[PDB]
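Undergrad: sequence? don't have it. structure:
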């Protein structure tokens, strides 16, 4: 299973692109210039994604996170909502709908947070698609104080579009004193993972909002061991934690429902020959594919690494400086990862979303140099 | 009897932070940043809201950050009750308190005791010295931002038959030993006639109240970073020659015990606090110690920390007896619970601005063993009262 | 560490009351106090030990005693360097050097280096007798090649200002940065050094170096000096506001570091230091509280620390 580049867009933003997410309709990215940019997925085989890119301003301090929800909930209504947090710590919402006349995207700023709520300083978010869990859509978020927020989103009151956010509840940190909640994730099962800046990760189940159980990383600090990303695999009860070692990025695999650690995703490394890790630099993000058979890690070594879940072995590697196809970790004598760093975030796009030369799953990533790239699995193209 | 149990609450007692609290036989007086002095009746009857028996009175626009009250029975006939306060402006305000003929409501009479030359000073801390045979006349000590301690004698009567006309005679001053002079952050006066003056450089100076003579001065250690250490509160032991000093070691609070005969360090109160993630540190409080108080017996030392914890230590063993965690929702009245502040910050665990021990009998309680009591004011603009579960 | 050293200091302090005049104990007291910057106590104990040593040396005066005394005087010099009275530092240092100079004893060497670091600085501060400071610092350079000492020499020689001296400093710093070449302090001091000289050619290069500081080093930079200099240089050189961007990239990396939210968003900084996520001092806490810019919090701030100008002013100006 190897991946080929389909399209890319150079200098997509005037500042760093921190996060990217996508739905069937389009791939949306956010950045430090405070602009949400939505890029139409269904792109003509020979065309520039920029011509189809629609940009919108949200906040001056810049955005550092985004997740978008798309659902055909009931009747005929195609509901698409982008949610995004800024460096200011405000949580913004934008309904996305294209114009009838020009077919261009229109953003509608939706106010869904009361005064007391909005007064908080949010950091990370994620949507919770409609499923058999409970009927309605779930939104999880974090704040600078380590507290996780769980809302239930209602797009209709009492077919009348009147969106509201019902705060199901909150789940505070395991720690005292609190620590920064860097990452959060919600599973199709109904579990909630919250990862902080010290190595601690707490897993709490949504239906009860109790805290099921939590994991604390052994590496102690002048040596930061921070959680960068947490992700629940859609298949099985698996949980994948991306975290720092000092100057390296590590992926560890735990199992939900028994709380058993199951392993770590490493690749051979030689610098002093002392030696292992997942990337020569930190892992900035993770993302499972639809089948949950392959995990993609976005490393700050300027590389995307695709690992097979069952085998716990690396499937393949992609440079973001090289366009060409043995990825031994290049580590300097001092232990510093020699590699021009590029990557900030990556996402898997389901088969059928980014259409063109449709039978293969697609991929999207955002890097340092303000460039956003798309990729496709090899089914002949 | 070192287990304290809460008795009465008043939430949202003020519109701005309550900095100092004091009390006497008649009442507990609390001042705050809204510049309002608030007299709270100590004598309450079962299940009665303290706010119903609270009397409030304006003082200064800037606000008040220090208050102390003196209640004595001067002549065999006459009762004297006098509140002194310092405002953020630096002004030293005095208020005579008396109660209405039948209504028993509180009445304030602002007394003017200082001369124009004195009023120019920017006072910070103050303490009343009761007539405990130190000399015969009630005294008042105060501190200014320049690092000097002012000592007045308070004569409530005119040349000794008895008519009401108060006068404060300036006995004199005690200048700090250091140069440059440092900010005098707090003060206290002992039963045996000693003044302790605590500066913001970890230095404390012990002087004689009677003779205005400085006896000595000692310093607090770990002076790596200059701006770190400063003294938050100093308090003498009633019983012994002991003196408890509450100072900061940047981001942490420390209580050190000195004995005052020769003025040497005899110990330090600490408990396992938080340092370097998993590691364990030896400080009194994980945050700054804001104020100290000794029980009547002098066996227990209560320390109020910025970590929202009241910790009661045993002075003899120098170990900790017990700890009380303050919460925004301790308050008996729901509508008076202050969960979040103006800026939407959380006050779940509100730091304790101040704490005070109330002598047995001041706080009257129904069907409780007549015993000692406790009072404290906390960052959630809340004032709490506890009683020492014990017997008599 | 500081706490343990403190405890050592108190321990010895109490020990002395029981039996003072124990040379070793006094030496310990000097070392710990020096570590703690408690220089006055060190001065006093140093006087008492110097007396106690001189009295004993007066009788026998075996060379080893003179060596011990030399080391002790060398200590005294550092104490004075701490105190600031550089004249006595010079005197004592020269004396210690006089006794120990040509000794060539394994232990004496450290004490010699010690003397040189005292004299060079002492002169530098003293009368700006830079030629002495130069003839001495240049000597110290030839003595060893260790990072911090190099940074010291570079700092001094550059702070002189003489056209050759600055070149000497920068050259040496660069050569170390070529030797092992990875660490911040060298790069940061070099970046500032280049920063204020305002030489456009060098700035692009050193900024290029700063941007490419490895991830490992960025962690060791708790204070986040690099994103500051990078901003200053970028903003002054490229003449673009984009020089801010870095601070974001930091906040994404170290979302709980105060120094970054200092630049980006004050409320988060204040909120981080609230419940003790980050241990912040009283003054800074006061500053953060006042930075909320409303009465209640300025009162809180001023009360927490009534001896910082900005808070007092902050309270006056709202009336």
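TA: Arrived safely. Numbers count the residues shown, from 1 in each chain, chains lettered A, B, ... in the order given.
Undergrad: drop to CA atoms for contacts and neighbour counts, all remaining ones
TA: Fine.
Undergrad: just give me the neighbour total for the residue in the stretch 101-250 of chain A that chain B sits nearest to.
TA: Going by C-alpha to the nearest C-alpha, chain B is nearest to residue A:119 of the stretch 101-250 of chain A, at 6.1 Å. With neighbours defined by other C-alpha atoms under 10 Å in any protein chain shown, the count for residue A:119 comes to 15.
Undergrad: likewise for residue C:103?
TA: Around residue C:103 there are 14 residues (other C-alpha under 10 Å).
Undergrad: what do you get for residue C:179?
TA: 9.
Undergrad: pretty sure residue C:50 belongs to a helix, no?
TA: Yes - inclusion of residue C:50 in a helix is indicated when DSSP: H, G, I helix; E, B strand; the rest coil is applied.
Undergrad: how far away is it from chain B?
TA: Distance, residue C:50 to chain B, by C-alpha to the nearest C-alpha, to the nearest Å: 24 Å.
Undergrad: off-centre distance for the one helix or strand residue A:241 maps to?
TA: Here residue A:241 is covered by strand A:238-245, with elements defined by DSSP states H and E. Strand A:238-245 sits 13 Å away from the centroid of its parent chain (C-alpha atoms, centre = their mean, to the nearest Å).
Undergrad: please name the strands paired to that strand in the sheet, noting orientation.
TA: Strand A:238-245 pairs in its sheet with strand A:227-232 (antiparallel), strand A:248-255 (antiparallel), by DSSP bridges.
Undergrad: which of those sits most buried?
TA: strand A:227-232 (a mean of 26; mean count of other C-alpha atoms under 10 Å in any protein chain shown).
Undergrad: got a list of what the residue in the stretch 1-150 of chain C positioned nearest to chain A touches?
TA: Going by C-alpha to the nearest C-alpha, chain A is nearest to residue C:1 of the stretch 1-150 of chain C, at 14.7 Å. Residue C:1 makes no contacts at all, as judged by C-alpha atoms under 8 Å, 6 or more residues apart in numbering or on different chains.
Undergrad: report the separation between it and residue B:224.
TA: Residue C:1 sits 12 Å away from residue B:224, going by C-alpha to C-alpha, to the nearest Å.
Undergrad: on that earlier part again, for the residue of the stretch 101-250 of chain A closest to chain B, which non-adjacent residue is spatially closest?
TA: Nearest residue to residue A:119, sequence neighbours excluded (C-alpha to C-alpha, 6 or more residues apart in numbering or on different chains): residue B:344, at 6.1 Å.
Undergrad: so that neighbour touches residue A:118, yeah?
TA: No - the criterion here is C-alpha atoms under 8 Å, and residue B:344 misses it with residue A:118 at 9.5 Å.
Undergrad: what lies in contact with stretch C:99-117?
TA: Identification of contacts with stretch C:99-117 by C-alpha under 8 Å, 6+ apart yields C:66-67, C:70-71, C:74, C:77-78, C:93-94, C:96-97, C:136-137, C:140, C:143.
Undergrad: ok, stretch A:122-141 next?
TA: With contact meaning C-alpha under 8 Å, 6+ apart, stretch A:122-141 is reached by A:65-69, A:71, A:83-87, A:89-91, A:142-144, A:148-154, A:181-190.
Undergrad: chain B contacts on chain C?
TA: By C-alpha under 8 Å from any C-alpha of the partner chain, the residues of chain C that approach chain B are C:2-3, C:6, C:35-38, C:271, C:276, C:279-283, C:296, C:299-300, C:303, C:307.
Undergrad: what count of nearby residues applies to residue A:2?
TA: Residues contacting residue A:2 under the criterion other C-alpha under 10 Å number 13.
Undergrad: distance-wise, check it relative to residue A:323.
TA: In terms of C-alpha to C-alpha, residue A:2 sits 13 Å off from residue A:323.
Undergrad: which residues touch the residue of chain A found nearest chain C?
TA: Nearest residue of chain A to chain C (C-alpha to the nearest C-alpha) works out as residue A:247 at 4.6 Å. Going by C-alpha under 8 Å, 6+ apart, residue A:247 touches A:280, A:281, A:282, A:335, A:336, A:337, C:215, C:216.
Undergrad: so residue A:185 sits in a strand?
TA: Yes - remark: residue A:185 belongs to a strand, assigned using three-state DSSP.
Undergrad: please work out which residues outside the helix or strand harbouring residue C:165 touch it.
TA: If you go by DSSP H and E, residue C:165 is part of helix C:163-179. Contacts with helix C:163-179, where a contact means C-alpha under 8 Å, 6+ apart, come from C:147, C:150-151, C:153-155, C:157-160, C:183, C:186-187, C:190, C:193.
Undergrad: pull the most distant pair out of the residues you listed.
TA: Farthest-apart pair in the contacts of helix C:163-179 is C:160 and C:183; separation 24.6 Å (C-alpha to C-alpha).
Undergrad: what's the end-to-end length of stretch A:352-366?
TA: 21 Å.
Undergrad: can you get me a residue count around residue A:311?
TA: Neighbourhood size, residue A:311 [other C-alpha under 10 Å]: 11.
Undergrad: mind listing what's buried along stretch A:96-116?
TA: Using 16 or more other C-alpha atoms under 10 Å in any protein chain shown as the test for burial, stretch A:96-116 gives A:96, A:97, A:105, A:107, A:110, A:112, A:113.
Undergrad: give the contact list for the first one.
TA: It stands for residue A:96. Contact analysis of residue A:96 by C-alpha under 8 Å, 6+ apart lists A:80, A:81, A:82, A:105, A:106, A:107, A:108.
Undergrad: which of the residues you listed fall in strands?
TA: By the criterion of DSSP state E, membership of the contacts of residue A:96 in strands covers A:80, A:81, A:82, A:105, A:106, A:107, A:108.
Undergrad: which one among those gets closest to residue C:83?
TA: Closest to residue C:83, out of all of the ones in strands among the contacts of residue A:96 and judged by C-alpha to C-alpha, is residue A:82, at 62.1 Å.
Undergrad: interface residues of the stretch 201-319 of chain C facing chain A?
TA: Residues of the stretch 201-319 of chain C lying near chain A (C-alpha under 8 Å from any C-alpha): C:214-216, C:219-220, C:242, C:245, C:248-249, C:252, C:255-256, C:264-265, C:268, C:271-272, C:275-277.
Undergrad: cutoff 6 Å now
TA: C:215, C:216, C:220, C:256, C:276, C:277 (C-alpha under 6 Å from any C-alpha of the partner chain).
Undergrad: drop anything exposed from those.
TA: Buried members of those, scored by 16+ other C-alpha under 10 Å, are C:215, C:216, C:256, C:276, C:277.
Undergrad: hang on, isn't the last one packed against residue A:177?
TA: Think residue C:277. Yes - the criterion here is C-alpha atoms under 6 Å, and residue C:277 meets it with residue A:177 at 5.5 Å.
Undergrad: what's the angle from the helix or strand hosting residue C:156 to helix C:163-179?
TA: Using DSSP H and E, residue C:156 sits within helix C:147-160. Orientation of helix C:147-160 against helix C:163-179 (axes from the mean of the first three to the mean of the last three C-alpha atoms, to 10 degrees) gives an angle of 160 degrees.
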